[PDB]
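Below is one structure; the comments refer to it alone.
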Amino acid sequence: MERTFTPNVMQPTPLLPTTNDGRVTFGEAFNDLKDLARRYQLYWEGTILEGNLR
Amino acid sequence: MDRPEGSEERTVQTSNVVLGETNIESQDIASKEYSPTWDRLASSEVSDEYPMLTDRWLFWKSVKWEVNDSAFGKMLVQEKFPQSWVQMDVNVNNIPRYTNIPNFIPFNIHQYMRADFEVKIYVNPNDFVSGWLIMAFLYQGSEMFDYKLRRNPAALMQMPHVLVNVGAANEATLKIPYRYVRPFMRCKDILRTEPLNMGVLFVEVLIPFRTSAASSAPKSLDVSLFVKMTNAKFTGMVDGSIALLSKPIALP
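Below you can see the structure in the form of structure tokens.
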């Protein structure tokens with residue numbers, strides 16, 4: 001698959017040991033964007049006056 | 001002395017150095033000794049160990065203290081440590097260099113390191129002088145918001161220390177396990201923090217040094233310091249000239 005394709009890899013060292021996505025040093029695992037997307041964020045913020053109503 | 005040679009001396013050999021000691025030491029450990037585990041999380045390159053080089057003991061300073069100048073709490077040694085010991089070898093411009101001393105040769109080619117230290121202090125008085133010294137070590141003391149109130153020997157009596165009685169003339173050994181804010185220390189001035205600044209080693213004058221009023225008696229006495237690294241691990245091989253050393257900052 002062309003998106004992840006890695007031809008002729010030259011790697012000088014071993015790979016780095018894992019912290020289980022931060023669960024080793026912090027308490028939680030940040031492995032997924034769907035969990036970050038469930039923390040609330042602002043959507044629309046406005047003001048409404050009498051006289052620009054009905 | 002009851003034998004033809006005086007008595008049986010005791011020998012402490014590490015690598016190709018051998019240190020004679022005739023008396024009972026005075027020991028302490030700056031914190032609990034452990035085996036480093038999270039340090040593997042910091043670097044993907046293999047940590048290099050040089051036991052033949054670094055385990056070896058090394059003579060560090062000789063500081064002289066006199067009868068006329070011994071207050072209570074006069075500081076003979078006040079040093080950023082290991083910074084002062086590792087950067088002890090200076091050129092004409094007082095710029096340190098890790099190239100000459102074979103214990104410090106791997107600090108030259110690496111970026112980061114980690115290791116435990118053992119500082120050992122030697123005082124060789126005759127029998128008729130009496131005094132007392134305290135040598136204590138404060139983990140990252142220089143960065144502390146009141147570092148200059150903790151220099152009184154009344155404060156050092158609390159942090160891990162050893163005592164050297166000049167009347168008895170004993171040895172003293174202070175083991176310092178590696179502890180720091182990060183799993184490694186920097187060896188040079190990079191990424192513009202000072203290199204290899206893990207704490208502060210003090211030598212104060214707990215009881216001032218006193219001798220007899222006779223004219224030919226010694227009015228001075230020497231203090232020598234030996235240091236050695238223990239689990240030394242180096243990582244991040246680079247060129248020796250890729251980073252520079254600048255002359256060290258002194259403590260107030």
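Order-wise, the sequence lines are chains A and B.
According to the entry's author numbering, the first sequence is numbered sequentially starting from 1.
Using the entry's author numbering, the letters of the second sequence correspond one by one to residues 1 to 192, 201 to 260.
Beta carbons: idealized from backbone N, C-alpha and C, even for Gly.
With 7 angstroms as the threshold, decide whether the Cβ of residue i is near any Cβ in chain B.
i      : result
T13(A) : yes
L16(A) : yes
Pick from the options: whose alpha carbon is nearest that of residue i?
i              : options                            : result
residue 200(B) : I250(B), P125(B), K175(B)          : In this structure residue 200(B) is absent; chain B steps straight from 192 to 201.
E25(B)         : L163(B), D247(B), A136(B)          : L163(B)
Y139(B)        : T14(B), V181(B), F234(B)           : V181(B)
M144(B)        : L259(B), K188(B), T14(B)           : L259(B)
residue 263(B) : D2(B), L233(B), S249(B), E45(B)    : The first residue shown for chain B is 1 and the last is 260, placing residue 263(B) beyond what the model contains.
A169(B)        : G131(B), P177(B), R179(B), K188(B) : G131(B)
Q78(B)         : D189(B), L53(B), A136(B), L174(B)  : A136(B)
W85(B)         : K74(B), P153(B), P203(B), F128(B)  : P203(B)
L19(B)         : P256(B), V246(B), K236(B)          : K236(B)
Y178(B)        : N94(B), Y34(B), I105(B), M1(B)     : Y34(B)
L58(B)         : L149(B), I95(B), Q87(B)            : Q87(B)
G22(A)         : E45(A), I48(A), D32(A), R38(A)     : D32(A)
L214(B)        : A155(B), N205(B), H110(B)          : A155(B)
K61(B)         : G167(B), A30(B), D28(B), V231(B)   : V231(B)
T54(B)         : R114(B), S142(B), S7(B)            : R114(B)
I29(B)         : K175(B), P216(B), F217(B), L252(B) : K175(B)
Please report whether the beta-carbon of residue i lies at a distance below 7 angstroms from any beta-carbon of chain A.
i       : result
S142(B) : no
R40(B)  : yes
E79(B)  : no
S44(B)  : yes
From the DSSP output, in three-state form, read off residue i for me.
i       : result
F184(B) : coil
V18(B)  : strand
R218(B) : strand
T11(B)  : strand
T37(B)  : coil
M52(B)  : helix
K32(B)  : coil
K64(B)  : strand
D189(B) : strand
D32(A)  : coil
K74(B)  : coil
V246(B) : coil
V211(B) : strand
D69(B)  : coil
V235(B) : strand
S44(B)  : coil
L229(B) : strand
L15(A)  : coil
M206(B) : strand
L252(B) : strand
For residue i and residue j, I'd like the C-alpha separation in whole angstroms.
i       : j       : result
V90(B)  : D35(A)  : 55 angstroms
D39(B)  : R56(B)  : 23 angstroms
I121(B) : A225(B) : 23 angstroms
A222(B) : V208(B) : 38 angstroms
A42(B)  : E5(B)   : 54 angstroms
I101(B) : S228(B) : 30 angstroms
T37(B)  : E212(B) : 35 angstroms
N16(B)  : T238(B) : 15 angstroms
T173(B) : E21(B)  : 12 angstroms
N165(B) : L133(B) : 7 angstroms
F210(B) : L149(B) : 13 angstroms
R192(B) : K255(B) : 16 angstroms
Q158(B) : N152(B) : 11 angstroms
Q13(B)  : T4(A)   : 56 angstroms
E28(A)  : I257(B) : 41 angstroms
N94(B)  : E118(B) : 26 angstroms
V123(B) : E171(B) : 7 angstroms
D69(B)  : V246(B) : 46 angstroms
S7(B)   : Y50(B)  : 36 angstroms
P7(A)   : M1(A)   : 11 angstroms
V46(B)  : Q83(B)  : 24 angstroms
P216(B) : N108(B) : 40 angstroms
Can you pull the chain D residues whose beta carbon is under 8 angstroms from the beta carbon of residue i, in chain order?
i      : result
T19(A) : Here chain D cannot be found, since the structure's protein chains are A and B.
Is any heavy atom in the ligand GDP found nearer than 6 angstroms to the beta carbon of residue i?
i       : result
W132(B) : As for the ligand GDP, it is missing from this structure, which has no ligand bound.
Which runs of the alpha helix (DSSP H) at least 4 residues long sit entirely within the stretch 80 to 122 of chain B? Give them in chain order. Within the stretch 80 to 122 of chain B, the runs of alpha helix (DSSP H) at least 4 residues long that lie entirely inside it are, in chain order, 83 to 86, 105 to 109.
Which parts of the stretch 119 to 179 of chain B are runs of the alpha helix (DSSP H), unbroken and 4 residues or longer, counting only runs that do not cross its ends? Here the runs fully enclosed are 153 to 156.
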